[PDB]
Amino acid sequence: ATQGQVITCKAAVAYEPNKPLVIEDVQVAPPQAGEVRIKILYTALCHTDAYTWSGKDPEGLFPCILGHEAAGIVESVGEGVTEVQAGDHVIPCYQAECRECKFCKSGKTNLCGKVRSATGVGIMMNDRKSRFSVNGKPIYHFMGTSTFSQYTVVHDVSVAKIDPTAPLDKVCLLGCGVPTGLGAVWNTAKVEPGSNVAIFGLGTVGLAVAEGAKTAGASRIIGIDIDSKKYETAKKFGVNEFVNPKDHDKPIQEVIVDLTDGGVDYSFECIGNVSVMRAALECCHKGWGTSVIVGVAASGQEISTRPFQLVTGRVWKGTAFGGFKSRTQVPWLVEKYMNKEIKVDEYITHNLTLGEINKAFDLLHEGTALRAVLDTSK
């Protein structure tokens, strides 16, 4: 019985940028005050993990245990902790919800700044140290989650308690991309029935935007991708027209405006490319169009447009985790999935194990691939 004991389990450790992860045995310390030790059963991976693994993230610290999309079962809790207990089923969230800071109390945002000083630098608040080590040397946390491990320790403010019957190998996606996309539509844009939408980038996130728009009652849901094969998959998620920029000499924004007789009501950029972010704004209708940036740009990249774009009534916005409050609304999204009102399973194209995590990274560049879910027991 592990309560209060150091635990030795496997984890995928990243020692150097752009090099294979190696699966080590590691020591997972027990939870201190406010902390929650989780048996992670299933973890997914996405672009966000690779951005840091590739060495391109100037916040990156090595060595570290990456991973932020997971679902598991609480092993133990540190003192103070009351919203979860041993044996609860949980999804660790990269976005806290402390319910006590300026941000949480504001009623005007899902951002919460409670633990970010510590999680941004790969440690815990309580002692500003890591809970992970190999052979007496610390390994840094990542995103407050570190889910490429059979056990992790997270802050209690980042733990969403979910329906204990929910399949852990599916609801792991509800910690990142799917709520981002759904919520970009439902919370950030607030897309009304009959709206026309354009969606730039038809990966997991974009496809979730499309499901969101479809569920909210959108009419034209126009997808844009540099890989035309992406469209056939995308039709199931609700994309009903499609444009590859490469098939046109004109800037993609002008194509979209032409196609819609003025622009779309809402656009969403789900890639991370600043040029395309500009295009997604400039394809919105004069008077009232709104563009939402979902994509995360590289360090130092800038968006631009001409101020008349905004003066003539377009609005430029962006979204962080779909504007969802993690601890409060991730359980709600689990309920909706249990009730067959949102999709999750359809975003999973590979099921592998943690042993094969390097494969899973390569699959990040297969055009046909979406999420890979990893079973941490092997």
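So that there is no doubt, residue numbering starts at 1 and follows the sequence shown.
The deposited model assigns a higher average Cα B-factor to 22-30 than to the other stretch when 326-334 and 22-30 are compared. Averaged over CA atoms, B-factors in the entry run higher in 294-302 than in the other of 294-302 and 204-212. The PDB entry assigns the greatest CA B-factor among 79, 269, 282, 265 to 79. Which of 88, 83, 192, 97 has the largest Cα B-factor in the deposited entry comes down to 83. When the modelled residues of the chain are ordered by C-alpha B-factor, residue 58 sits in the highest third. Ranked against the other modelled residues of its chain, the C-alpha B-factor of residue 161 as given in the entry falls in the middle third. Placement of the Cα temperature factor of residue 117 within the chain: highest third of the modelled residues, per the deposited record. Residue-level temperature factors show residue 175 in the middle third of its chain, judged at the C-alpha atom. Ranked against the other modelled residues of its chain, the C-alpha B-factor of residue 124 as given in the entry falls in the highest third.
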